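So basically every Cβ, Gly included, is an ideal-geometry build from the backbone, and we count neighbours across all protein chains shown. Quick note: the coordinates plus some simple rules give every number you see, no bench work behind them.
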Amino acid sequence: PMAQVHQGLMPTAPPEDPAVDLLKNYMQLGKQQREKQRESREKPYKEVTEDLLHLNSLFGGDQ
């Protein structure tokens with residue numbers, strides 16, 4: 001083996017396999033999609049608190 005076997009044959013196992021990175025790519029777009037769908041328009045964290053400041057001035061509590 002070694003010399004007259006296997007040698008001279010191209011590796012059928014791709015070391016550049018993009019599927020390994022695709023794991024984090026998919027995890028990435030998993031959150032990216034989430035944070036881009038409703039998070040951009042709605043934004044249930046910052047817009048709620050910001051609007052709450054508006055709401056405080058909205059009911060016009062002064063006296």
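Among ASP51, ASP62, a tally of other beta-carbon atoms within 10 Å of each Cβ gives an order, fewest to most, of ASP62, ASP51. Scalar couplings 3J(HN,Hα) for region 45-50, obtained by applying the Karplus form with A = 6.51, B = -1.76, C = 1.60 to θ = phi - 60°, are 9, 7, 5, 5, 5, 4 Hz; x denotes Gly and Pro. Spin-label model, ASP17/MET2: points 7 Å from Cα along the beta carbon direction are separated by 2.8 nm.
In terms of packing, defined here as the mean over residues of other Cβ atoms within 10 angstrom, the peptides 52-60, 8-16, 36-44 line up highest first as 36-44, 52-60, 8-16.
Can you give the net charge of the other residues whose Cβ lies under 15 Å from the Cβ of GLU35, counting K and R as +1 and D and E as -1? Please report the intermediate quantities before stating the final value.
Numbers: positive: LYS31, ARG34, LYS36, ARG38, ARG41, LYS43, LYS46; negative: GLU39, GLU42, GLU47.
Every neighbour counted, the sum reads +4.
Largest first, the three principal axis extents of the alpha carbons in the chain are 96, 15, 9 Å in whole numbers.
Given a Förster distance of 30 Å, report the FRET efficiency between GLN63 and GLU42 from their Cβ-Cβ distance, rounded to the nearest 0.05.
Values: r = 35 Å, r/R0 = 1.16.
Rounded to the nearest 0.05, the efficiency is 0.30.
By the helix-only formula, in which each DSSP H run with n ≥ 4 contributes -39500 (n - 2.57) and the sum is divided by residues, the chain has a 222 nm mean residue ellipticity of -17000 deg cm²/dmol.
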